[PDB]
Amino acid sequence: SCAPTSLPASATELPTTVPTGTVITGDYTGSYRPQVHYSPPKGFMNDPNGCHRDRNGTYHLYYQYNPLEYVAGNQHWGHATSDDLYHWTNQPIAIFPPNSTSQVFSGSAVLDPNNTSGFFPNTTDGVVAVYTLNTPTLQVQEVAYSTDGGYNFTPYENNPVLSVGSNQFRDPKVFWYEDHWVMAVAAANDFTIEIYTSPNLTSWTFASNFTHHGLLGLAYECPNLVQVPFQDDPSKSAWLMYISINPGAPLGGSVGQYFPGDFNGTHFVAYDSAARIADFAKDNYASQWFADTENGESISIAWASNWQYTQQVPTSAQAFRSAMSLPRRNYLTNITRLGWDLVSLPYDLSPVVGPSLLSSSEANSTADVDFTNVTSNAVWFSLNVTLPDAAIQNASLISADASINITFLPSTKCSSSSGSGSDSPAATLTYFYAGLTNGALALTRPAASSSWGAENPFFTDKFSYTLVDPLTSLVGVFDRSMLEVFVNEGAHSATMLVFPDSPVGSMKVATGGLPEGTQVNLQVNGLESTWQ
């Protein structure tokens, strides 16, 4: 059969009061509902919050949650748990505002195993949440603590723990550094990340400012100050300041940027004055790193949307708005010429990988992969290309036509008669080894595939990144309404929402003009739903 395109009113109707102590029940069957990404059971989700791995290995994801509407507001912290970052268990709402005229904005969570806070005299797995409380006139930082492993939180009796008398002061990311707690918090409309320190998470002292770096956009948000291992040597690492900006991103709306540098417990110093954008498309925002991971592990997740159209995407009839990105493992590397680069790769996908749909070593060919049998409507693919040494040593031996095309094509079996009726691909990827646009990689969601997408004036159709080195590896995940691509071992990555009128039913992978002796290896797998 075919995934429903709209759900019964009982699956999409939202409560008039926020459920306390109860898990919100969700129908995850909609034709747009991602099957291996997190999305809330009902309602509207945005930024990931309080991300941490507990001592039993369970990942806790919290998130900005409107349980009452399909648009942003009434923010609570939703909560889901996973042991593998793919199979999620919805949990009751973790943090509630004190009244209907306040909202629980973004923040972070840490384990306090040594009871620095004083909240945990008889436990070693105390969790402290540090979050922004939004009121009509102020944004302040507050603490709440959990003794049950991060399910139920109690507000700190002397909240707030930090106010500067500002209405633009939010998204505290807290972490342990040697002998004290560090908070990175956004003085959002001043384009400043403020660094504060604390011995106990409740009394905070100003250390330093990081101001007017990289792209300003209209606000700094969701700062993450994290230590990231080197891809080619995970014994080595550097600090990275990751800043989300919204609005005012170059593609429009929201985007993440980063700065490699040094951190010494009080001051972050960037290695240079350059601006670096994390993702070359527009649906990757508010990346948050999981606290309490071990040495050599950098784990993050982002909200896979854009503030310019997140509240207008056509999924509310399927009981949700917004999904998280694939969970990510991060590295730092140097790429040819450009130097510093934030590597993003999908966190181990093995737990959701299903049957092989195609395995091919054919070069200069077109492989058609039908996945109308894959009930998840989600696929993974990996394409490796190894050029002959002669082509690496002399690039003038590569034909101008040497290229790769990947197209995701609409289902004939589950086609909508109401949409475009187009045979337009839902999504395309094009790369040129040489010619006039040498190294250029285009990722597109053709307007002709989506009535909604064509009409939305911010739903940009085409994205590109230009490689210096030849493309040697490409990995992708398509999950009903999302495509993520990872180029050259995660050197470059892009997160793109797609809302085709007809569900994707097949994909074509074409290579052509590749030099004599070029090795091509393609693998495609159906993914297994984590919700069904």
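Start at 1 with the first residue shown and count on from there.
*Asks:* On mean Cα temperature factor in this entry, is 97-105 or 283-291 the higher one?
*Replies:* Mean C-alpha B-factor is greater for 97-105.
*Asks:* Once you work out the mean C-alpha B-factor for both 214-222 and 309-317 from the entry, which is higher?
*Replies:* It is 309-317.
*Asks:* Taking the Cα B-factors listed in the entry, which of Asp272, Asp348, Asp171, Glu297 comes out highest?
*Replies:* Of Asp272, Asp348, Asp171, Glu297, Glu297 has the highest C-alpha B-factor.
*Asks:* Based on what the PDB entry reports, which of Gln75, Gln393, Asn189, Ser344 has the top C-alpha B-factor?
*Replies:* Reading the PDB entry, the winner on C-alpha B-factor is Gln393.
*Asks:* Lowest, middle or highest third: which one holds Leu357 when the chain's residues are ordered by CA B-factor from the entry?
*Replies:* It falls in the top third of the chain.
*Asks:* Quick check for you: using the entry's CA B-factors within this chain, is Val385 in the lowest, middle or highest third?
*Replies:* Answer is highest: the recorded C-alpha B-factor places it there.
*Asks:* Of the three thirds of its chain by CA temperature factor, lowest, middle or highest, which one includes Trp239?
*Replies:* Within its chain, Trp239 is a lowest-third residue by C-alpha B-factor, going by the deposited values.
*Asks:* Looking at the temperature factor on the CA atom of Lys462, which third of the chain's modelled residues does it land in?
*Replies:* Lowest third - that is where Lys462 ends up once the chain's C-alpha B-factors are sorted.
*Asks:* How does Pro260 rank on Cα B-factor within its chain, lowest, middle or highest third?
*Replies:* As the PDB entry reports it, the C-alpha B-factor of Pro260 lands in the lowest third of its chain.
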